[PDB]
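This is the structure, below, for whatever I ask next.
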């Protein structure tokens, strides 16, 4: 109405309606699974295309050769936070020279995305980031929301009916740390299908793979360079 | 550059200092304070040159003023001496001034801190400083013993100040000594109008 | 010093009053006017209890030269407090 | 140009100077007032370059007026101290104003001497310029412990007589300025002992070196 | 009469019948036969009303 | 809230123009009138003060006509309040241009520069445009004697006789009727100025207290801007009696 | 962190030569305190209502008669906070004049400069103009002067004007009445009588406050003195 | 009172009403009433006393900012009356301004000047609605250096003037008239009496009374110009005396 | 409590006619829905306990945190809307760090409690920001001033505390702190006492299982805010289960 577009009107639960809308924006966006090991971090994201005479847009974006991000939601809102994450990580690398921990970086992002939620007349962003990083401790997958609230997970999946993906992840939680770079992707694939209908499984050109570590430099696999990482999947675990 | 000193009792301090504030070769005023208004509860021991002390003394008044009200009335010694470090930081070698800070904060017991003209802040036993403390360095040290007691501190401290004005070619008539407690800052005047001399050479 | 709120001080004053009239004749007459004054303050229940006290001053004072004074005090009180007081008390 | 000195009876200030205002080291004016009134009970004796003394004194003159009018309580020397302190420290040297500030403050009587740098110190008699010494020597003779207002006037006329002899730029009148809690005397003349005057003879040449040929009268 | 003007700092015309009604309320308890100065002044004191001028408001 | 109101200050309205700009013209209508007339050897300003009161002390003798510079003059038509700010901006601009230029400030140049500030507020800043139209009179060499008119709309105009303030339509025609192009000399023009002020006021009766008359006449080597004392205006008020006959005849 | 809120024009032109929101401010000064000002022609005297109607008043310096400088005094009617800023600003302005001229700010000039802020607050969004009107006195040009600066920012020139309760009625009584060629003592007596006509209730010396401007300078009359004047006249 | 009519966008803005009222200021009075704090202030010649109630939600407290007596400068002291949130922000602003005065003035500030600086700052709040005025009320007490003890009161707006005795809080007017009788009766000003007269008044208006521990009294005596809090002991000395006083 | 969703909260600079903004009242309501976070001041330190929400067995210490170190000696335990609590931690972290640069000593909590409470009130004032939606405690052990515990509400009141708790039942927990005398305790005994209260007070309607994470700034961590030592943690853990039974 106009009391739900005001960023200064709240529920009796003490929740601003504009923050609530902003979480859902993620959920209409495509499903992404982000997992960690003790040598690597893998970002598996689901693609989309406009036409058959087109290649799919990387949902894996290139920041640095040690940290990498994957988006789910609005691309334009994404790009402002992306310009912010690239600026901070590169800073860290020049000044400190430490291959930046994931854990410090997400908390500052949490501060910024919180500012429009407090501003009158300004909308929160509504993109979800699973930030994969590798520092000297080992890999971490942190998930930052359209609110401050950020998660340190072994594996996480966010998007449509994402709760179901977590269940597969929880059954193989320990395994992730032992498994290889190749397997971490295959366990990601098997989580990503749970979000989508059981009428459909993944295909080669809707999968984008983003691999992170400092035992390897950052790689984005697109639509046909996806295939080697892809093989080994189970059709709809229920 | 008159001497500054603060000698350790163990619950309050006694400072002692010599007077003359100088307008170059000529001494401009020898009827001045050596413990002017720095706050309303805090003391610093001052000498040196009028400008070197003053810039620092005021910034500490202004910061101290914020510190005292929010904490509840007494400020911290360590906080106060850091503020002086900042002024000195810019004017490193420009100002030779070094301030002798002595207090009783709510931190605990008696603390004597030496804020340098470099930018250094340290809590120690007792130091006496100035640009002329490379001159009365022996005299303080003989007086200075482990736990020099208060009654002893009155004679020792005053004497060090007396030794300074007579010998000093930057000293001058009247030692004005300052004893600081948690009650406020208290100055006393030991005369030298009347004839007191550190015994002549042959 | 203060009113102390009408209810609070009043309970205390009312209890001592009732006992004063009963026990003794002569020393009672001097204690009873002073205790009686304190109870006067309320416009609450205190009026009903003050009035009984007054009858006692009136007969005791008649014995003394205080007789002129005695009438003035009861006469004014009947005016002041018509009360919720019972008929036996009112006659 | 400005050599200033002050003395203490046991009160506040009679500030003295010999008059003359100079355009550089050439006299602009023989003897006109150079111990100054700020708004209405603070006075300043000056030394060194007179110039910095006037403008610093004028800002301070603004700020003490703010405190007097609301309080109805004496002009605050400490306020005036602080403003000057603040201006001179930033640069570490910016002009030379050697100033004898003096007013009886709301609580204690407070006398300030501001040099070229910053200070925060509190004496009770100061004599200023490079001739501080000449002014001090009259006071050290005349004034033993305790002095009176009249007596303090006699030292002050004498301090002003010494500067006139020491530097010829200061000349003529001895100005005495009484600064108190609520009595502030500015009267030019306090002692005529000399005076700069015009000639009694006249010679000037009229038309034997004069050359003219045109005239008009615009408004 | 002089006193009646003095006591309140705010009163208006409509308020004079109200303070008279208030004085009369207290007075009936006492059970009197006349109206005392005592009754008026208490009557002014309760619902005297805010000093609006000093805080903000009229001024 | 603030999002549920209208005032259409920076926002264009259905009209295609802002409310705030159009409203300012209405406020100007019921406030004291200012006219500038052209003479052959000078220019003059005559104004009705915003004071309709019967007793003035004359603390400030500029309450409508303020002389900015020794080369310029202004009048105020509108609210005295917005004038106060504008008067201070004018003493600086008028003297600044002069420091550089060393030539009497052009009447046109001044107004276009000022008009730019009037429009700046209405378009942006979220401030309303000043409720004052300022009537500038001045002289520069390359146009000659001038009168320029300033608006809150940022409109300027080159005039020879115009009036703004109260009952302006009547007033400009009345100045045209008595005074054609280049007709009337400075002295006779000062009379004409009072004659229109007597007729057009917010409240009748023209007196010394209600009027202030200013002359720009070029003296011997300098262009002299004076505001006439009450005494001189009075001699013009009798002159204005004589002038009524003269227009008709 | 940052503040927005209200930054669009709050003030709309009314056809009357003034805006709506300023017109309302002039009613505010009317419900303000009675203050009277009459120019005696050998000084100016200004008198103001001391009280804020609690009738506990204990003034020794907390006055509403305030010297700005050597020969300028201010008495006001309306708002307290709005007035304090004008007093602080006035000294800075007087002194601004004092630095350049070596004389403080004439009546006319001080008015032009105070008036520009009062208008500023109107046109701008998220601010409101003062609720204060000033009776400004001064001795300049060799003549005493008295000006009125209204809460709008407009100025009306007055030899005598009244503010506060019944201000409108106050101006007409003064316009007819106003006097000149008055001795200092008489100046006080006339001023107090005019104050009796504006101000209601009791007057003693902790109810009214008087200040005078003359040749010697502006000062503020002691509470004892005011009382002697008050008694004297009918 | 009035709630005002709009002709601007007056309703949520502080700008004028036909009463002359400012909407945000009137709302600032209701902030006083939220806190529950009421203060009675008395001026003497021995001392200036401010006495005010101390809020207890629970018995686990430290007294360093539970306290509504504040040191706004070492000699002159004050209380904030009203809503405690608005009070803390104002105290904070004032102290930075107070310290600024310390850099400028160089010494202990007069009570007249201290109230005047807060008043100018609060003029910034009052004119804005960008930032709402702070709906606390400050009574400054302290000994002005030559004049004597002074009690001045500033409103949320910032209106200040001198008074024989002043009050602030939930209701100014009712507290003042009670205090006015105490003022008429003008007692011999010495330490015990000025504190005691202040204490009796605050207790009569509430008709709840209190123990000494439940109130906080802050005095500025001619004895020590320092601003001093009596504490539990010293207040108690007055209370026991007061009981014996009629 | 007063607030209506229409009127007098349609800008964050609108003052309510009751004297307390609707927005601040809304900010307190969110604290009231959240889980209980407790912090009790001891004679030899402060012991924190905040329950860390676990929705998956995938989560590590980083997920759903409520213990921050504003300084590295000063702790912050928050309750209510996590999004605003973490942002105020970041500005606060900066504010502490600048203080340490200048001042150079373990900061006295009494100064922090005034500056932060005023900052929390500032956001109620201003249009570009809205009030903070948590109530938080600041807790430290220092030698400059000892053990200090303060709590700031989203109103922007600072009050001093011996022992406070904020949760779903703020009053029941505070009576329970009252019963026990921390005067008798040293920092070691306090860790046991915080641990039980968190389990009982909290009502599951949104949890599913929580992990208690506690932090020391005390004797065995030397005036810097570290997570609880292992011995202390185990002493604390047993008593909490025992108190249920």
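We just call them A, B, C, D, E, F, G, H and I in the order they show up, numbering each chain from 1.
We take it that contacts are C-beta pairs under 8 Å (C-beta built on N, C-alpha and C of every residue); 3 or more make two chains touch, one makes a residue touch a chain.
Trainee: Going by the touch criterion stated earlier, list every chain that contacts chain B and also contacts chain F.
Mentor: Of all the chains present, those in contact with both chain B and chain F are D, H, I.
Trainee: So which has more C-beta pairs touching, C-E or D-H?
Mentor: Of D-H and C-E, more C-beta pairs in contact link D-H.
Trainee: Per the centroid of Cα atoms for each chain, what is the distance between chain B and chain D, given in Å?
Mentor: Distance between chain centres: 34 Å.
Trainee: With chain centres defined as C-alpha means, what is the inter-centre distance between chain C and chain G in Å?
Mentor: A distance of 62 Å separates the two centres.
Trainee: How many angstrom between the C-alpha centroids of chain I and chain E?
Mentor: One centre to the other, that is 53 Å.
Trainee: So which stretches of chain D touch two or more other chains?
Mentor: Within chain D, residues 70-73, 78, 82, 86 contact more than one other chain.
Trainee: By the touch rule stated above, which residues of chain A touch at least two different other chains?
Mentor: 6, 120-121
Trainee: Enumerate the residues of chain E that touch no fewer than two other chains.
Mentor: As it turns out, chain E has residues touching two or more other chains at 9, 51, 54, 57-59.
Trainee: Quick check: in the complex, which residue numbers of chain G touch chain F?
Mentor: 5-19, 22, 39, 107-108, 111-113, 115-116, 118-120, 122-125, 145-147, 152-160, 171, 174-175, 178
Trainee: List the residues on chain F that touch chain D in their complex, please.
Mentor: Within the complex, chain F contacts chain D at residues 219-222, 224.
Trainee: Looking at the complex, which residues from chain B come into contact with chain D?
Mentor: Going through chain B, the ones touching chain D are 21, 23, 26, 28-29, 31-34, 36-37, 46, 49-51, 53-55, 57-58, 91, 94.
Trainee: Considering only the defined contacts, which chain I positions touch chain H in the complex?
Mentor: Residue positions touching the partner: 8, 10-11, 13-20, 24, 110, 113-115, 117-118, 121-122, 125-127, 148-150, 153, 155-164, 174-175, 177-178.
Trainee: Which residues of chain H touch chain E once you look at their complex with the stated criterion?
Mentor: 1-2, 19-22, 25-26, 28-29, 155-157, 159, 171-174, 176-177
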